[PDB]
């Protein structure tokens, strides 16, 4: 049999002894030549259908030889092209001959999904009547045939007869619908058995036709087979069983069997019976009829296996991340930008951590990277875990090199030499390559070379020169496939990519939303939880500056909360102030005003709404911009806010698509908003909450949502410390974490008890929400964090004085977390 050799970072099939050279292969018998050809073609088909690999065959001579014309032609028939170089490249060393196979189709969503077939095959086993001949459908023909089937006569005059005269001349030739057959007397019955499988499917697949057995092909005479040698009823049984044995597939209901008419008619000579003529009429079949199982091969687990008929049809007709697929080029430019003239190390934070922790690692890597002038080196604690494999103790780190004039190399750094190290690195490189093709959709020639290194002071297969990354185009295509693969697993780089995907989604929505600036002066923007409301507000202020040509200090932003204004003010895109500062101080020189989280405002201090109306109207270039962002789902008190009635808040723009939280958090927000819909506060006008998230919208970003009820305070706080330490080990920064509690009065207690457990985990700085620019964790209340967001958020013990306010708290909490959310409720 054929089995993949496991010691390699690639699929490598050993086919054994093969005779190579056309002169040598001409001296073989037909049987042995065909058997060696079949082994090699099974291997090449399997590697084409499974992401590529290497065929290894032992050659019986020492000197370089050519492949042989018959093997060449079989490879050409496999790829349906004379361009062998595109998929097959051969090397030979000593007594070893290697063929390097590229994948046929790469990824779940190739560009050519409707253009080229999913699989290569040795044969499709689909036959078509092609005028007077029967021909087998190549992969492209069969692809088109099934793609068509999936969508939602004088001969009959002869067939109607109940007897035939011996020597009768039929008045029609063989044609698209007619086929005449004659057989020798002794073998007639076995010849019929072998005939049915090749002509019945061809008629069924094409439009039907008549198969006349007992008619001379050339003269069209009726001859039949002698009575003594044929039993009509046994013949009928045999033919019918052969016909029903044919494998049929369906794309419809009802899935009825092949329909045909079988007639065994009498052949009369001089008025006496001589023999029997068999006539089959084959109606056109609704779907595809195979003569047998297709001859297509794939690698699964470790065995080269043959696809079944149904699996083959499924593949020939029909976590993957489409947001990654769509944004791959932008994401690659952001994270894995290829430097022009030096080797880049990423992530820089993880690299610095590793070099600080381990002595001599810097020198080791620098010495190992001398040959590679340009490219990128991507580090990790364990690429194995990054790919959902098992971790190996003793692995300092893994690094993936993607440099010019080199193949991809996966380095594994060990503290001390190990026997299992090379196996671990090989498994990791093999998985990485298979993902780069089968998930990342890479269509080039790719290999990952596994290389173990030891910090304490089988040969590698040589690939053709076409497997080396020759420059920017290849490196960028491979890094975009790497982006798409990383977005399918949980890891530091997959989390950075997910954050950038969220940013790109927000930018799309903002481009849709910013077209209203030229159309409005007064606007009430009703956002939903996690709709980017604040990001739109900032980008709108920038757009106002650019369009109206007014200086930044002429644009004003008003919010309820000090942390939020602090955050907005540090942008230097406008003047930012609070409701109280706004109501107190004078702003006559201000032309444009933006107001956010207005539903949290209060009427105690004064009529901020009227003040802003006046300030904006008295602007010189007509009335200025007065945009009031608000979200009633995130209300923070039962009092009135000073907003005009719901019927007065016009014109309106609604931000309904969730673009700021990953998929789990978004689903949680969607579910939880129904509680607020069920019981809203009385300060909320009734009809406002009848805004619903877009049903067709998803973020396509992975995240973590964990509910950890039934725990005590010290357990919560130790768990938080453990999780933060794990993230910091994986490479996250503290400035990606925030801890949110019910009220600002409990902030001091929870800070103390968090530092009590953090002093065991090597970070001793917790900051309030009023500072967000330093590299430290943020602890604060849910409410004081309104308008801010962090990648990882710890939600501790929701609590408020009034039931009428409690329902909001879960939404106002979960909406603060971009990717990872941990909830610790009371119980």
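Positions refer to the first chain, counted from 1. For clarity, a rigid core is taken as the largest C-alpha set superposing within 1.5 Å between two forms.
Checklist line | Core-aligned Cα RMS comparison in 5 other deposited structures of this protein - stretch that moves more, 77 to 85 or 217 to 225 | finding: It is 217 to 225 that deviates more in 5 other deposited structures of this protein.
Note to self: If the other structures are each fit on the rigid core, which stretch ends up farther away in C-alpha terms in 5 other deposited structures of this protein, 325 to 333 or 693 to 701?
What the structure shows: Comparing 325 to 333 with 693 to 701, the larger C-alpha deviation in 5 other deposited structures of this protein belongs to 693 to 701.
Next item on the list: Using none, 1 to 3, 4 to 9 or 10 or more, say how many deposited residues go missing between residue 152 and residue 153.
Entry: Per the deposited record, the segment joining residue 152 and residue 153 lacks coordinates for 10 or more residues.
Notebook entry, point to check: Per the entry, how many residues of the deposited chain go unmodelled between residue 318 and residue 319: none, 1 to 3, 4 to 9, or 10 or more?
Noted result: Per the record, 10 or more deposited residues are absent between residue 318 and residue 319.
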